[PDB]
Amino acid sequence: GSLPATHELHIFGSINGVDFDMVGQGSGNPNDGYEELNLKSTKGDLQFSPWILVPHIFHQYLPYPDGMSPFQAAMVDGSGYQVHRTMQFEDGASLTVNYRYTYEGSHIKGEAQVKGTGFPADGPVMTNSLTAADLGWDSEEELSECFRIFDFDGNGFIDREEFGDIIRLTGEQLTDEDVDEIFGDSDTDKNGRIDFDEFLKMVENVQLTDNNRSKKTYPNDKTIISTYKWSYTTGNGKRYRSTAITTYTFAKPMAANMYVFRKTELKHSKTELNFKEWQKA
Ligand SMILES: [Ca+2]
Ligand SMILES: [Ca+2]
């Protein structure tokens with residue numbers, strides 16, 4: 001009958017055939033979408049980047065804009081759900097994370113069974129050289145190429161004239177004054193031109209590239225499939241890209257009655273990690 005306040009996780013399995021096992025406890029705020037979790041290895045030093053466990057490491061904490069998410073609803077009514085998470089990486093590797101949960105009041109006890117295969121032995125996962133994880137495939141380098149296409153006069157800034165052909169990329173029908181408003185809001189230093197730093201922020205604010213799009217489909221009344229593009233930052237700053245497919249199976253049909261803006265942080269040694277997640281208000 002309760003939304004969650006605390007949780008624990010046992011996450012274990014194998015990566016490239018080598019077993020791992022981690023345990024720990026955390027907490028969160030289901031009204032705001034905040035989570036924090038500590039995990040410790042029980043089998044010695046991790047042999048792979050724990051960033052690949054992100055975002056997998058509790059949607060019972062993650063609300064919708066207008067109220068409870070279906071995941072929260074299924075905890076509150078007791079019926080629950082199970083999760084089959086998959087991630088397909090640009091190098092052919094794959095990761096499966098299967099979740100089950102039990103509830104004791106506002107406490108969630110989670111278990112995630114993991115199987116990762118096909119990671120190159122000398123790549124950033126198996127040598128622990130990832131440094132961040134983010135929704136979407138955009139990089140600053142790819143957005144630089146876009147900026148340069150539309151900077152017609154070549155002066156290093158997007159002016160109001162040049163901005164029209166950029167904002168078209170949303171596909172939305174916008175009046176001249178709709179565009180004026182977006183332009184003004186994007187020109188945060190009020191010099192009449194959009195510089196590259198302002199352009200990066202505009203891309204996120206208007207979802208020019210749909211970088212934060214998270215698509216849900218409902219194959220049947222007990223299933224949600226969430227799918228999205230994902231990336232990790234590597235040691236030379238370049239992106240390591242993947243595709244996520246998460247299938248939720250609910251015990252009871254969901255009640256008859258989009259973009260994701262979350263940040264993650266992971267501090268990690270070989271034996272312990274501290275994870276935090278924040279959802280934009
Ligand atoms: Ca220009
Ligand atoms: Ca400006």
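Atoms considered below: every heavy atom in the structure, side chains included; atoms not considered: hydrogens, waters and symmetry mates. We count ligands from 1, going down the list as the structure has it; atoms in each ligand are counted the same way. Along the sequence shown, the residues carry numbers beginning at 1.
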- Item | Protein N/O/S neighbour count - the Ca ion (ligand 2), strictly under 3.0 Å | 6
- Query: With sequence neighbours left out, which residue pairs that include part of residues 272-281 fulfil the side-chain hydrogen bond (donor to acceptor under 3.5 Å, both in side chains) condition?
  - Reply: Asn38-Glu272, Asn38-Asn274, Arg262-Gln279
- Message: Tell me the angle that OD1 of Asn155 and OE2 of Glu162 form around the Ca ion (ligand 1), rounded to 10°.
- Response: 160°
- Query: Of all N, O or S atoms in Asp151, which has the smallest distance to the Ca ion (ligand 1)?
  - Reply: OD1
- Query: Would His84 and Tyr248 count as a close aromatic pair, with their ring centres under 6.0 Å?
  - Reply: no
- Flag the pair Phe48 / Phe20 as yes when their ring centroid distance falls below 6.0 Å, and as no otherwise. yes
- Query: What about the rings of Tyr81 and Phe71, do their centers lie closer together than 6.0 Å?
  - Reply: yes
- Message: the Ca ion (ligand 1) and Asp153: any N/O/S contact shorter than 3.0 Å?
- Response: yes
- Query: Considering the options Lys109, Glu8, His7, which one meets the side chain to side chain contact (heavy atoms under 4.5 Å, CB included) requirement together with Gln25?
  - Reply: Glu8
- Would you please name every residue forming a salt bridge (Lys or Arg N to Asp or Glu O under 4.0 Å) with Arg148, sequence neighbours left out? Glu141
- Message: The criterion is side chain to side chain donor-acceptor pair (under 3.5 Å); which residues satisfy it with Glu140, sequence neighbours excluded?
- Response: none
